[PDB]
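Worksheet: one structure, shown below.
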Amino acid sequence: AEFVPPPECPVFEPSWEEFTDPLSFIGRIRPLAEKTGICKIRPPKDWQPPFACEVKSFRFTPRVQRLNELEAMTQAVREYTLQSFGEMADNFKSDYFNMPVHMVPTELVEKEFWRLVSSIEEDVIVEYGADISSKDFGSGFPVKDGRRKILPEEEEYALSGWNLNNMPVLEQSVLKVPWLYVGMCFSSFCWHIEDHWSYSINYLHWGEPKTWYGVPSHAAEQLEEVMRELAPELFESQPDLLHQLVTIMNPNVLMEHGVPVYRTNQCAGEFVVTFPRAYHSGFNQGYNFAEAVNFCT
Ligand SMILES: O=C(O)c1ccnc2cc([C@@H](OCCN3CCCCC3)c3ccccc3Cl)[nH]c12
Ligand SMILES: [Mn+2]
């Protein structure tokens with residue numbers, strides 16, 4: 001009955017020498033990490049960027065997420081500040097589990113998330129501050145843009161190769177900016193790959209962990225076949241870009257069908273890299289703040 005956690009994806013803890021450049025580092029770990037689809041990177045302990053969003057004016061209208069909307073086939077929106085969203089998020093989680101938010105084990109949130117996704121008896125609705133452009137209120141990383149103050153001790157982070165604003169994003173051919181995610185408990189993203197099969201890199205600036213699931217690219221077609229077998233018939237014929245709006249699937253279902261799935265809890269201050277055509281999905285353990293961008297090698 002209970003969710004069975006997938007095996008853990010690789011975690012790398014590069015020394016300062018190895019931490020010199022994301023592209024060089026990712027190229028070096030690729031023989032392992034491309035076989036798990038996702039990996040986690042823990043920066044050296046002394047690498048701690050300051051949070052550089054304009055928190056005063058940070059306002060947003062999160063999207064509403066009904067966990068069991070797909071099983072349902074078988075109000076709208078409030079404006080928040082970062083602060084008021086956090087107060088709502090913590091209240092929701094502590095009320096839901098009847099304990100302080102930081103005392104809820106990550107395995108319990110995970111088990112309850114997947115129970116709720118398939119539950120026809122309990123309708124749980126959460127909110128996700130998803131796809132907030134970093135051009136709106138700024139990146140979470142400091143940038144030498146002249147649109148905000150950079151202290152001297154923050155300049156190294158504005159120039160760091162691991163600053164997501166400094167990733168190479170142009171694709172080579174003869175023929176843009178990071179996105180922000182303000183999470184609460186159970187807010188989620190369903191299974192998808194990136195446009196152009198790009199890499200993506202994801203940084204959790206602060207807050208409670210983000211739980212990830214990843215599938216290596218050599219199993220992409222197997223996952224797509226399981227999806228096509230088990231997706232609602234009304235959605236079976238949809239183009240992939242539209243189907244990926246609603247590709248919610250319990251990782252154990254994929255695993256029972258022979259699809260390799262790995263998991264990780266991304267904690268604050270840690271990066272998650274997804275490799276080309278590595279399907280991934282996840283959910284937030286609680287109030288947090290993430291930044292993500294696609295890049296090409
Ligand atoms: O939330 C996270 O931390 C997270 C981590 C890794 N990848 C993703 C992908 C999403 C979202 O993409 C929405 C679609 N936009 C994508 C970027 C801008 C263009 C259109 C998404 C996809 C499915 C269902 C819900 C959500 Cl929010 N969130 C992710
Ligand atoms: Mn993604």
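These residue numbers are counts, starting from 1, taken along the chain as shown.
Any Cβ shown, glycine's included, is placed from N, Cα and C.
Per Swiss-Prot, the Fe cation site holds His192, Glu194; the candidate it also names there, chosen from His257, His280, is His280. Checking the ranges 53-57, 138-142, 153-157 against Swiss-Prot, the motif 'GSGFP motif' annotation falls on 138-142. When each of the binding-site residues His192, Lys210, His280 is scored by how many other Cβ atoms sit within 10 Å of its Cβ, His192 comes out lowest. Unmodelled segment: 11 residues between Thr74 and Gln75, spanning 23 Å (Cα to Cα, whole number). Missing segment of 10 residues between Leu175 and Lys176: the endpoint Cα atoms are separated by 17 Å.
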